[PDB]
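Engineer: Below is the file work_24.csv, with CSV, C-alpha atoms and all ligand atoms.
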chain,number,residue,atom,x,y,z
A,160,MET,CA,0.0,0.0,0.0
A,161,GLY,CA,1.2,3.4,-1.0
A,162,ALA,CA,1.5,6.0,1.8
A,163,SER,CA,-0.5,8.6,-0.2
A,164,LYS,CA,-3.3,6.0,-0.6
A,165,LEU,CA,-3.4,5.3,3.1
A,166,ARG,CA,-3.4,9.1,3.8
A,167,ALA,CA,-6.3,9.3,1.3
A,168,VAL,CA,-8.2,6.8,3.3
A,169,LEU,CA,-7.5,8.7,6.5
A,170,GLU,CA,-8.4,12.1,5.1
A,171,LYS,CA,-11.6,10.5,3.7
A,172,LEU,CA,-12.3,9.5,7.3
A,173,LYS,CA,-11.6,13.0,8.6
A,174,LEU,CA,-14.8,14.3,6.9
A,175,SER,CA,-16.5,14.7,10.2
A,176,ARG,CA,-14.8,18.0,11.2
A,177,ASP,CA,-17.8,20.3,10.6
A,178,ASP,CA,-20.0,18.2,13.0
A,179,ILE,CA,-17.3,17.9,15.7
A,180,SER,CA,-18.0,21.3,17.1
A,181,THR,CA,-21.8,20.8,17.0
A,182,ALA,CA,-21.6,17.5,18.9
A,183,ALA,CA,-18.9,18.7,21.3
A,184,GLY,CA,-21.1,21.6,22.3
A,185,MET,CA,-24.1,19.5,23.4
A,186,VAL,CA,-22.0,16.7,24.9
A,187,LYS,CA,-19.8,19.2,26.8
A,188,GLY,CA,-22.8,21.0,28.1
A,189,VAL,CA,-24.5,17.8,29.4
A,190,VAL,CA,-21.3,16.4,30.9
A,191,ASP,CA,-20.5,19.7,32.6
A,192,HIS,CA,-24.0,19.9,34.1
A,193,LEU,CA,-23.7,16.3,35.4
A,194,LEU,CA,-20.4,17.4,37.0
A,195,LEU,CA,-22.0,20.4,38.6
A,196,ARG,CA,-24.9,18.4,40.1
A,197,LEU,CA,-22.7,15.4,40.9
A,198,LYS,CA,-20.3,17.5,43.0
A,199,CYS,CA,-23.0,18.2,45.5
A,200,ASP,CA,-22.7,14.7,47.2
A,201,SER,CA,-20.4,14.2,50.1
A,202,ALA,CA,-18.9,11.0,48.7
A,203,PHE,CA,-18.5,12.4,45.2
A,204,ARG,CA,-17.2,15.7,46.4
A,205,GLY,CA,-13.8,15.7,44.7
A,206,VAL,CA,-15.2,14.3,41.4
A,207,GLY,CA,-13.9,15.7,38.2
A,208,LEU,CA,-13.5,15.3,34.4
A,209,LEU,CA,-10.3,13.4,33.5
A,210,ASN,CA,-10.6,14.7,29.9
A,211,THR,CA,-8.4,12.2,28.0
A,212,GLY,CA,-8.8,13.5,24.5
A,213,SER,CA,-12.5,14.4,24.8
A,214,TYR,CA,-12.6,13.2,21.1
A,215,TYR,CA,-13.8,9.8,19.8
A,216,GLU,CA,-12.1,6.5,20.7
A,217,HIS,CA,-13.8,5.0,17.7
A,218,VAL,CA,-13.2,6.2,14.2
A,219,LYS,CA,-15.7,4.0,12.1
A,222,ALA,CA,-18.4,6.6,14.6
A,223,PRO,CA,-19.1,10.3,15.2
A,224,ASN,CA,-22.1,9.5,17.4
A,225,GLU,CA,-20.4,7.7,20.3
A,226,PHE,CA,-18.5,9.5,23.1
A,227,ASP,CA,-16.4,8.2,26.1
A,228,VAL,CA,-15.9,10.4,29.2
A,229,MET,CA,-14.2,9.4,32.5
A,230,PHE,CA,-14.9,10.8,35.9
A,231,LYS,CA,-12.0,10.8,38.3
A,232,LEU,CA,-12.3,10.9,42.1
A,233,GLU,CA,-9.4,11.7,44.5
A,234,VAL,CA,-9.3,8.9,47.0
A,235,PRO,CA,-6.5,9.7,49.5
A,236,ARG,CA,-4.6,7.0,51.4
A,237,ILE,CA,-5.6,3.7,49.7
A,238,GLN,CA,-4.4,0.2,50.4
A,239,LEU,CA,-4.5,-2.0,47.3
A,240,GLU,CA,-4.7,-5.8,47.7
A,241,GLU,CA,-3.8,-8.0,44.6
A,242,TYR,CA,-6.4,-10.5,43.7
A,243,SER,CA,-5.3,-14.1,42.8
A,244,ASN,CA,-2.1,-12.9,41.1
A,245,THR,CA,-4.1,-11.3,38.3
A,246,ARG,CA,-1.6,-8.4,38.4
A,247,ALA,CA,-4.2,-6.0,37.1
A,248,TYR,CA,-7.2,-6.4,39.4
A,249,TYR,CA,-7.1,-5.2,43.1
A,250,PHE,CA,-9.3,-4.8,46.2
A,251,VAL,CA,-9.4,-1.3,47.5
A,252,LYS,CA,-9.0,-0.8,51.2
A,253,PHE,CA,-8.4,2.2,53.4
A,254,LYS,CA,-5.5,3.0,55.8
A,258,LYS,CA,-12.3,6.4,60.5
A,259,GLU,CA,-13.4,9.6,58.7
A,260,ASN,CA,-14.1,8.3,55.2
A,261,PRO,CA,-16.3,10.1,52.6
A,262,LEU,CA,-16.8,6.7,51.0
A,263,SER,CA,-17.6,4.8,54.2
A,264,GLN,CA,-21.2,4.3,53.0
A,265,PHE,CA,-19.9,2.1,50.2
A,266,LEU,CA,-17.8,-0.1,52.5
A,267,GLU,CA,-18.9,-3.7,52.4
A,268,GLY,CA,-16.8,-4.8,55.4
A,269,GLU,CA,-13.2,-3.8,54.7
A,270,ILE,CA,-13.4,-3.8,50.9
A,271,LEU,CA,-14.8,-0.9,49.0
A,272,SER,CA,-17.9,-2.1,47.1
A,273,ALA,CA,-17.9,-1.1,43.4
A,274,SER,CA,-21.5,-2.1,42.8
A,275,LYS,CA,-23.0,0.2,45.5
A,276,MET,CA,-20.8,3.1,44.5
A,277,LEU,CA,-21.8,2.6,40.9
A,278,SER,CA,-25.4,2.4,42.0
A,279,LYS,CA,-25.2,5.7,43.8
A,280,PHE,CA,-23.4,7.2,40.8
A,281,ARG,CA,-26.0,6.0,38.3
A,282,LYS,CA,-28.7,7.1,40.7
A,283,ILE,CA,-27.4,10.7,40.9
A,284,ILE,CA,-26.9,10.8,37.2
A,285,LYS,CA,-30.4,9.5,36.6
A,286,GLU,CA,-31.6,12.1,39.1
A,287,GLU,CA,-30.0,14.8,37.0
A,288,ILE,CA,-31.1,13.7,33.5
A,289,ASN,CA,-34.7,14.1,34.8
A,290,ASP,CA,-34.2,17.9,34.8
A,295,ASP,CA,-33.8,15.3,25.3
A,296,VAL,CA,-31.2,13.2,27.3
A,297,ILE,CA,-32.2,9.6,28.0
A,298,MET,CA,-30.2,7.1,30.1
A,299,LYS,CA,-29.9,3.6,28.7
A,300,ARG,CA,-30.1,0.4,30.8
A,306,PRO,CA,-19.3,-0.9,34.4
A,307,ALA,CA,-20.2,2.1,32.3
A,308,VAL,CA,-23.3,4.4,32.2
A,309,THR,CA,-24.5,5.2,28.7
A,310,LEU,CA,-26.5,8.3,27.9
A,311,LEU,CA,-28.5,9.3,24.8
A,312,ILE,CA,-28.4,13.0,23.7
A,313,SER,CA,-31.0,14.1,21.1
A,314,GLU,CA,-31.7,10.5,20.3
A,315,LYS,CA,-28.5,10.4,18.3
A,316,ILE,CA,-25.3,10.9,20.4
A,317,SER,CA,-24.2,8.2,22.8
A,318,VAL,CA,-22.0,9.1,25.8
A,319,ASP,CA,-20.3,6.4,27.9
A,320,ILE,CA,-19.5,7.6,31.4
A,321,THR,CA,-16.9,5.7,33.4
A,322,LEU,CA,-16.2,6.3,37.1
A,323,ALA,CA,-12.5,6.0,38.1
A,324,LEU,CA,-10.7,6.2,41.4
A,325,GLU,CA,-7.6,8.3,41.5
A,326,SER,CA,-4.5,7.4,43.5
A,327,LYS,CA,-1.6,9.8,43.9
A,328,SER,CA,0.4,7.0,45.5
A,329,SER,CA,3.3,5.2,43.7
A,330,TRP,CA,2.2,2.7,41.1
A,331,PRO,CA,1.6,-1.0,42.1
A,332,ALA,CA,4.5,-3.5,42.0
A,333,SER,CA,3.0,-5.2,38.9
A,334,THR,CA,3.9,-2.1,36.8
A,335,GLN,CA,7.6,-2.1,37.8
A,336,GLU,CA,8.9,-3.6,34.6
A,337,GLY,CA,6.2,-2.0,32.5
A,338,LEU,CA,6.1,1.2,30.3
A,339,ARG,CA,9.4,0.4,28.5
A,340,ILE,CA,9.9,3.8,26.9
A,341,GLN,CA,13.5,4.4,28.0
A,342,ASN,CA,15.0,3.9,24.6
A,343,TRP,CA,12.1,5.7,23.0
A,344,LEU,CA,11.0,8.7,25.2
A,345,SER,CA,13.9,8.5,27.6
A,346,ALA,CA,14.1,7.3,31.2
A,347,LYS,CA,13.6,10.9,32.4
A,348,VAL,CA,10.1,11.0,30.9
A,349,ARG,CA,9.4,7.5,32.3
A,350,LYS,CA,10.3,8.7,35.8
A,351,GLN,CA,8.3,11.9,35.6
A,352,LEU,CA,5.3,9.9,34.2
A,353,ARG,CA,5.4,7.3,37.0
A,354,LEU,CA,5.2,10.1,39.5
A,355,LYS,CA,1.7,11.0,38.1
A,356,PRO,CA,-1.3,9.3,39.8
A,357,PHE,CA,-2.8,6.0,38.5
A,358,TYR,CA,-6.5,5.1,38.2
A,359,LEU,CA,-8.9,2.3,39.0
A,360,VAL,CA,-12.0,1.3,37.1
A,361,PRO,CA,-14.7,-1.1,38.4
A,362,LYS,CA,-14.2,-4.4,36.5
A,363,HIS,CA,-14.5,-8.0,37.5
A,364,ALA,CA,-11.8,-10.6,36.8
A,365,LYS,CA,-12.3,-13.8,34.7
A,372,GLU,CA,-16.0,-10.1,42.7
A,373,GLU,CA,-16.0,-6.4,43.6
A,374,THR,CA,-12.5,-5.8,42.1
A,375,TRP,CA,-10.9,-2.8,40.4
A,376,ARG,CA,-8.6,-2.8,37.3
A,377,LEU,CA,-5.6,-0.5,36.9
A,378,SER,CA,-6.0,2.3,34.3
A,379,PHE,CA,-3.5,4.7,32.7
A,380,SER,CA,-5.6,6.4,30.0
A,381,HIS,CA,-4.0,9.7,30.8
A,382,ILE,CA,-0.5,8.2,30.3
A,383,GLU,CA,-1.6,6.7,27.0
A,384,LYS,CA,-3.0,10.0,25.8
A,385,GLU,CA,0.2,11.7,26.9
A,386,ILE,CA,2.6,9.4,25.1
A,387,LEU,CA,0.4,9.5,22.0
A,388,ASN,CA,0.4,13.3,21.9
A,389,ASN,CA,4.1,13.5,22.7
A,390,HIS,CA,5.3,10.5,20.7
A,391,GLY,CA,8.6,11.4,19.1
A,392,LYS,CA,12.2,11.0,20.4
A,393,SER,CA,12.7,14.5,19.1
A,394,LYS,CA,10.8,17.1,21.1
A,395,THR,CA,10.0,19.0,17.9
A,396,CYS,CA,8.5,15.8,16.3
A,397,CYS,CA,5.5,16.7,14.0
A,398,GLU,CA,6.1,20.4,14.6
A,399,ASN,CA,7.8,21.2,11.3
A,400,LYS,CA,7.8,20.0,7.7
A,401,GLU,CA,11.1,18.2,8.1
A,402,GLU,CA,10.1,16.2,11.2
A,403,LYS,CA,6.6,14.8,10.4
A,404,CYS,CA,6.3,11.1,11.3
A,405,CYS,CA,3.5,8.5,10.6
A,406,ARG,CA,2.9,7.0,14.1
A,407,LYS,CA,-0.6,8.4,14.5
A,408,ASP,CA,-1.5,7.5,11.0
A,409,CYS,CA,-0.4,3.9,11.7
A,410,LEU,CA,-2.5,3.7,14.8
A,411,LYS,CA,-5.6,5.2,13.0
A,412,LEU,CA,-5.2,2.8,10.1
A,413,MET,CA,-5.0,-0.3,12.5
A,414,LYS,CA,-8.0,0.9,14.4
A,415,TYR,CA,-9.9,1.4,11.2
A,416,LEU,CA,-8.9,-2.0,9.9
A,417,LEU,CA,-10.2,-3.7,13.0
A,418,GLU,CA,-13.3,-1.6,13.1
A,419,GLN,CA,-14.2,-2.4,9.5
A,420,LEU,CA,-13.5,-6.1,10.0
A,421,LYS,CA,-15.7,-6.1,13.2
A,422,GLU,CA,-18.4,-4.3,11.2
A,423,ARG,CA,-18.4,-6.9,8.4
A,424,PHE,CA,-18.8,-9.8,10.9
A,425,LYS,CA,-21.1,-8.2,13.4
A,426,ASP,CA,-23.4,-11.2,13.3
A,427,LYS,CA,-20.7,-13.4,15.0
A,428,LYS,CA,-19.4,-13.4,18.6
A,429,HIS,CA,-15.9,-14.2,17.3
A,430,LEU,CA,-14.7,-10.6,17.0
A,431,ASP,CA,-16.7,-9.2,19.8
A,432,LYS,CA,-13.8,-9.4,22.3
A,433,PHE,CA,-11.4,-7.7,19.9
A,434,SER,CA,-11.3,-4.0,20.3
A,435,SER,CA,-9.2,-0.8,19.7
A,436,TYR,CA,-7.3,-1.1,23.0
A,437,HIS,CA,-5.6,-4.3,21.7
A,438,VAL,CA,-4.6,-2.4,18.6
A,439,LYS,CA,-3.3,0.5,20.6
A,440,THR,CA,-1.3,-1.7,22.9
A,441,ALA,CA,0.3,-3.6,20.0
A,442,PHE,CA,1.1,-0.2,18.5
A,443,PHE,CA,2.8,0.9,21.7
A,444,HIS,CA,4.9,-2.2,21.6
A,445,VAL,CA,5.8,-1.5,18.0
A,446,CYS,CA,6.8,2.1,19.1
A,447,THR,CA,9.1,0.5,21.7
A,448,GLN,CA,10.6,-1.7,19.0
A,449,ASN,CA,11.2,1.3,16.8
A,450,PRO,CA,12.3,4.2,19.1
A,451,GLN,CA,13.8,6.3,16.3
A,452,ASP,CA,11.8,8.9,14.5
A,453,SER,CA,13.6,8.0,11.3
A,454,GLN,CA,11.9,4.6,11.6
A,455,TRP,CA,8.6,6.4,11.4
A,456,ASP,CA,9.3,8.6,8.4
A,457,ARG,CA,6.3,10.0,6.5
A,458,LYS,CA,7.1,8.5,3.1
A,459,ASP,CA,7.5,5.1,4.8
A,460,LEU,CA,3.9,5.0,6.1
A,461,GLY,CA,3.3,2.0,3.8
A,462,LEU,CA,6.1,0.0,5.4
A,463,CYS,CA,5.5,1.0,9.0
A,464,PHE,CA,1.8,0.1,8.8
A,465,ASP,CA,2.8,-3.2,7.2
A,466,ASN,CA,5.0,-3.8,10.2
A,467,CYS,CA,2.3,-3.1,12.7
A,468,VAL,CA,-0.2,-5.5,11.1
A,469,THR,CA,2.5,-8.1,11.1
A,470,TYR,CA,3.2,-7.7,14.8
A,471,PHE,CA,-0.5,-7.7,15.6
A,472,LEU,CA,-0.8,-11.0,13.7
A,473,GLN,CA,2.1,-12.3,15.8
A,474,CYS,CA,0.1,-11.4,19.0
A,475,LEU,CA,-2.9,-13.2,17.5
A,476,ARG,CA,-0.7,-16.2,16.5
A,477,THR,CA,1.4,-16.6,19.7
A,478,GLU,CA,-1.7,-15.6,21.8
A,479,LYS,CA,0.4,-13.0,23.6
A,480,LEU,CA,-0.4,-9.4,24.0
A,481,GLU,CA,1.1,-7.9,27.2
A,482,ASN,CA,-0.5,-4.9,28.7
A,483,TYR,CA,1.9,-2.0,28.0
A,484,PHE,CA,1.9,-1.0,31.7
A,485,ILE,CA,1.4,-4.5,33.2
A,486,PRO,CA,3.7,-6.9,31.4
A,487,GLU,CA,2.4,-10.0,33.3
A,488,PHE,CA,-1.1,-9.3,32.2
A,489,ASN,CA,-1.9,-10.9,28.9
A,490,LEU,CA,-4.7,-9.5,26.8
A,491,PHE,CA,-4.6,-12.4,24.4
A,492,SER,CA,-4.6,-15.3,26.9
A,493,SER,CA,-6.7,-18.4,26.0
A,494,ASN,CA,-8.8,-17.6,29.1
A,495,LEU,CA,-9.9,-14.2,27.7
A,496,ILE,CA,-10.1,-15.1,24.0
A,497,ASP,CA,-10.3,-18.5,22.5
A,498,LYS,CA,-8.0,-19.8,19.8
A,499,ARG,CA,-10.7,-20.1,17.2
A,500,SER,CA,-11.6,-16.4,17.3
A,501,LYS,CA,-8.0,-15.3,17.0
A,502,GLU,CA,-7.5,-17.7,14.1
A,503,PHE,CA,-10.5,-16.2,12.3
A,504,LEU,CA,-9.4,-12.6,12.8
A,505,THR,CA,-5.9,-13.7,11.7
A,506,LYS,CA,-7.4,-15.2,8.5
A,507,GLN,CA,-9.4,-12.0,7.8
A,508,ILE,CA,-6.5,-9.6,8.4
A,509,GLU,CA,-4.0,-11.7,6.4
A,510,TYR,CA,-6.5,-11.8,3.5
A,511,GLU,CA,-6.9,-8.0,3.8
A,512,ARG,CA,-3.2,-7.3,3.7
A,513,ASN,CA,-2.7,-9.8,0.9
A,514,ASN,CA,-5.4,-8.1,-1.3
A,515,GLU,CA,-4.4,-4.5,-0.8
A,516,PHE,CA,-7.0,-3.9,1.9
A,517,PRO,CA,-10.4,-4.0,0.0
A,518,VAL,CA,-12.1,-3.3,3.4
A,519,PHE,CA,-11.0,0.3,3.1
A,520,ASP,CA,-13.1,0.8,0.1
A,521,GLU,CA,-16.4,2.7,0.3
A,601,LIG,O1,-7.4,0.7,30.6
A,601,LIG,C1,-7.5,-0.4,30.0
A,601,LIG,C2,-8.5,-0.5,28.9
A,601,LIG,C3,-8.6,-1.9,28.2
A,601,LIG,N1,-7.8,-3.0,28.7
A,601,LIG,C4,-7.9,-4.3,28.0
A,601,LIG,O2,-8.3,-4.5,26.8
A,601,LIG,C5,-9.0,-5.0,28.9
A,601,LIG,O3,-8.7,-6.3,29.0
A,601,LIG,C6,-10.3,-4.9,28.0
A,601,LIG,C7,-9.9,-5.0,26.8
A,601,LIG,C8,-10.7,-4.1,25.9
A,601,LIG,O4,-10.9,-2.8,26.5
A,601,LIG,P1,-11.8,-1.7,25.7
A,601,LIG,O5,-11.4,-0.2,26.0
A,601,LIG,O6,-11.4,-1.8,24.2
A,601,LIG,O7,-13.4,-1.9,25.8
A,601,LIG,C9,-14.1,-2.1,27.1
A,601,LIG,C10,-14.8,-1.1,27.4
A,601,LIG,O8,-15.4,-0.5,26.2
A,601,LIG,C11,-16.0,-1.7,28.4
A,601,LIG,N2,-15.7,-1.0,29.7
A,601,LIG,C12,-14.8,-1.6,30.6
A,601,LIG,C13,-14.4,-0.9,31.9
A,601,LIG,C14,-15.1,0.4,32.2
A,601,LIG,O9,-14.8,0.9,33.2
A,601,LIG,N3,-16.0,1.0,31.3
A,601,LIG,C15,-16.3,0.3,30.0
A,601,LIG,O10,-17.1,0.8,29.2
A,601,LIG,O11,-16.0,-3.0,28.3
A,601,LIG,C16,-15.1,-3.3,27.1
A,601,LIG,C17,-14.4,-4.5,27.4
A,601,LIG,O12,-13.5,-4.3,28.5
A,601,LIG,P2,-12.7,-5.7,29.1
A,601,LIG,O13,-12.5,-5.7,30.6
A,601,LIG,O14,-13.6,-6.8,28.7
A,601,LIG,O15,-11.2,-6.0,28.3
A,601,LIG,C18,-6.8,-2.8,29.8
A,601,LIG,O16,-6.2,-3.7,30.2
A,601,LIG,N4,-6.7,-1.5,30.5
A,602,ZN,ZN,5.6,12.8,15.1
Show how you would write the structure in this file as structure tokens.
Structural biologist:
Amino acid sequence: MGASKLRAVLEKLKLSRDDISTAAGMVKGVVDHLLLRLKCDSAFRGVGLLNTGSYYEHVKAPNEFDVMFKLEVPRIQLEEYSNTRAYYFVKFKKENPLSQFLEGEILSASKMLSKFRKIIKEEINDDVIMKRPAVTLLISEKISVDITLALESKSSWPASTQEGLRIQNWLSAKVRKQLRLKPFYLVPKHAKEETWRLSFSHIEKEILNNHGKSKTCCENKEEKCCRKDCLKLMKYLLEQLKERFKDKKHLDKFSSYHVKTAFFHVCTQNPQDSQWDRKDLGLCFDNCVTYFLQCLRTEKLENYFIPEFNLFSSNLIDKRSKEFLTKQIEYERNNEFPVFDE
């Protein structure tokens, strides 16, 4: 695939620019209102908007939004669950604003989520309609907004992330150090329970928006790379393939985060900006796909922050599904990607 062809596909996808402001206005208004009203509670006093992009996490999809509400929870004691390395029980090390959500010694996620959804449903009452881990809203019978509650911890990152975030040869060890000083998050998610999974969406956004070895990367004509284009192309490939086979539960468990993680690993493999030259968009992309296929074939896709947490384990995704996706992707690459046609 020629780089200009790929960029033609991407530019063809960018045709939603005029609508972006119109949607962002309404969504921004509703979300801000929900924040204003939601701040009134004692438990959700320090609630806030994490704002990690505020754009779409799905390309092809201008109607679906994803927002995340952070809550400062000072002095927390995490307890690892069954060596899952990613899922934890939240404890407290007396006066606790979240004491009402305590089911014994462990902070209950279901009750807190219930109070959350209850307040939000109390505020939508006064053309927004709530739908039956996340809380989905429907603005103007068109726009979908996924709201996620996340606990914020300004403590040092858990031990399972010690050997994660290998960006030393890419973005330098200095940046890794300053990044690991930032807080980490916890989203309500069960393991394959009342457990919480680690989340570093802010870090992902940060490394994506500051992706070059050079500080001036993508700031001048001579230093424009094709990292973001590769990520977008991968995401679009997976999205189109999932769209073609929506009638099957094979590709249901495959999503953009797998693609993003694989992309991050590829970035680690190719730390130099010269390895992501603009004119080489065709090759770089071809690399990414290949690596992704490897992750499908070897059934190994380590979380970029939690190396011992495998996203492509047999327990999470069965071999058959990965083989099917492999077949489809390989066909696509072998036939100049006909799935990008429209
Ligand atoms: O921060 C992250 C995000 C994703 N992952 C892994 O993929 C996780 O295994 C993901 C891999 C797919 O994730 P997703 O973003 O594509 O899609 C999510 C997400 O859309 C929704 N969800 C989950 C939590 C939440 O608080 N609010 C939500 O709406 O259920 C989907 C499936 O999530 P899983 O646990 O079923 O498996 C991580 O490890 N850390
Ligand atoms: Zn760049």
Engineer: What gap, in Å, lies between atom CA of residue 249 of chain A and atom CA of residue 193 of chain A?
Structural biologist: 28.2 Å
Engineer: Residues at most 12 Å from residue 342 of chain A, counting all atoms listed in the file, excluding those fewer than 4 positions away in the same chain, as a PyMOL selection string?
Structural biologist: chain A and resi 338+346-349+391-392+446-452
Engineer: Please build the interface table for chain A against ligand ZN 602 (chain A) with a cut-off of 9 Å, listing for each qualifying residue the nearest atom pair and the distance in Å to one decimal; count only C-alpha atoms and all ligand atoms, order rows by chain and increasing number, and write it as JSON lines.
Structural biologist:
{"residue": "A:388", "atom": "CA", "partner": "A:ZN602", "partner_atom": "ZN", "distance": 8.6}
{"residue": "A:389", "atom": "CA", "partner": "A:ZN602", "partner_atom": "ZN", "distance": 7.8}
{"residue": "A:390", "atom": "CA", "partner": "A:ZN602", "partner_atom": "ZN", "distance": 6.1}
{"residue": "A:391", "atom": "CA", "partner": "A:ZN602", "partner_atom": "ZN", "distance": 5.2}
{"residue": "A:392", "atom": "CA", "partner": "A:ZN602", "partner_atom": "ZN", "distance": 8.7}
{"residue": "A:393", "atom": "CA", "partner": "A:ZN602", "partner_atom": "ZN", "distance": 8.3}
{"residue": "A:395", "atom": "CA", "partner": "A:ZN602", "partner_atom": "ZN", "distance": 8.1}
{"residue": "A:396", "atom": "CA", "partner": "A:ZN602", "partner_atom": "ZN", "distance": 4.3}
{"residue": "A:397", "atom": "CA", "partner": "A:ZN602", "partner_atom": "ZN", "distance": 4.1}
{"residue": "A:398", "atom": "CA", "partner": "A:ZN602", "partner_atom": "ZN", "distance": 7.6}
{"residue": "A:402", "atom": "CA", "partner": "A:ZN602", "partner_atom": "ZN", "distance": 6.9}
{"residue": "A:403", "atom": "CA", "partner": "A:ZN602", "partner_atom": "ZN", "distance": 5.2}
{"residue": "A:404", "atom": "CA", "partner": "A:ZN602", "partner_atom": "ZN", "distance": 4.2}
{"residue": "A:405", "atom": "CA", "partner": "A:ZN602", "partner_atom": "ZN", "distance": 6.6}
{"residue": "A:406", "atom": "CA", "partner": "A:ZN602", "partner_atom": "ZN", "distance": 6.5}
{"residue": "A:407", "atom": "CA", "partner": "A:ZN602", "partner_atom": "ZN", "distance": 7.6}
{"residue": "A:452", "atom": "CA", "partner": "A:ZN602", "partner_atom": "ZN", "distance": 7.3}
{"residue": "A:455", "atom": "CA", "partner": "A:ZN602", "partner_atom": "ZN", "distance": 8.0}
{"residue": "A:456", "atom": "CA", "partner": "A:ZN602", "partner_atom": "ZN", "distance": 8.7}
Engineer: Report the distance between atom CA of residue 460 of chain A and atom CA of residue 162 of chain A in Å, rounded to one decimal place.
Structural biologist: 5.0 Å
Engineer: Could you tell me which of A:515, A:502, A:336, A:465 comes closest to residue 486 of chain A if we count all atoms listed in the file?
Structural biologist: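 When distances to residue 486 of chain A are compared using all atoms listed in the file, the smallest one comes from A:336.
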Engineer: Would you write out, as JSON lines, a table of all residues in chain A that have an atom no more than 7 Å from an atom of ligand LIG 601 (chain A), listing for each the closest atom pair and the distance in Å to one decimal, considering all atoms listed in the file and ordering rows by chain and rising residue number?
Structural biologist:
{"residue": "A:306", "atom": "CA", "partner": "A:LIG601", "partner_atom": "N3", "distance": 4.9}
{"residue": "A:307", "atom": "CA", "partner": "A:LIG601", "partner_atom": "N3", "distance": 4.5}
{"residue": "A:319", "atom": "CA", "partner": "A:LIG601", "partner_atom": "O10", "distance": 6.6}
{"residue": "A:321", "atom": "CA", "partner": "A:LIG601", "partner_atom": "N3", "distance": 5.2}
{"residue": "A:322", "atom": "CA", "partner": "A:LIG601", "partner_atom": "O9", "distance": 6.8}
{"residue": "A:360", "atom": "CA", "partner": "A:LIG601", "partner_atom": "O9", "distance": 4.8}
{"residue": "A:361", "atom": "CA", "partner": "A:LIG601", "partner_atom": "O9", "distance": 5.6}
{"residue": "A:362", "atom": "CA", "partner": "A:LIG601", "partner_atom": "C13", "distance": 5.8}
{"residue": "A:377", "atom": "CA", "partner": "A:LIG601", "partner_atom": "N4", "distance": 6.6}
{"residue": "A:378", "atom": "CA", "partner": "A:LIG601", "partner_atom": "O1", "distance": 4.3}
{"residue": "A:379", "atom": "CA", "partner": "A:LIG601", "partner_atom": "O1", "distance": 6.0}
{"residue": "A:380", "atom": "CA", "partner": "A:LIG601", "partner_atom": "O1", "distance": 6.0}
{"residue": "A:432", "atom": "CA", "partner": "A:LIG601", "partner_atom": "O14", "distance": 6.9}
{"residue": "A:434", "atom": "CA", "partner": "A:LIG601", "partner_atom": "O6", "distance": 4.5}
{"residue": "A:435", "atom": "CA", "partner": "A:LIG601", "partner_atom": "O6", "distance": 5.1}
{"residue": "A:436", "atom": "CA", "partner": "A:LIG601", "partner_atom": "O6", "distance": 4.3}
{"residue": "A:437", "atom": "CA", "partner": "A:LIG601", "partner_atom": "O2", "distance": 5.8}
{"residue": "A:482", "atom": "CA", "partner": "A:LIG601", "partner_atom": "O16", "distance": 6.0}
{"residue": "A:490", "atom": "CA", "partner": "A:LIG601", "partner_atom": "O3", "distance": 5.6}
Engineer: In Å to one decimal, how far is atom CA of residue 333 of chain A from atom CA of residue 260 of chain A?
Structural biologist: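 Rounded to one decimal, the two atoms are 27.2 Å apart.
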Engineer: Kindly indicate which residue among A:261, A:272, A:443, A:314 lies nearest to residue 225 of chain A, using all atoms listed in the file for the distances.
Structural biologist: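 Of the candidates, the smallest distance to residue 225 of chain A is held by A:314.
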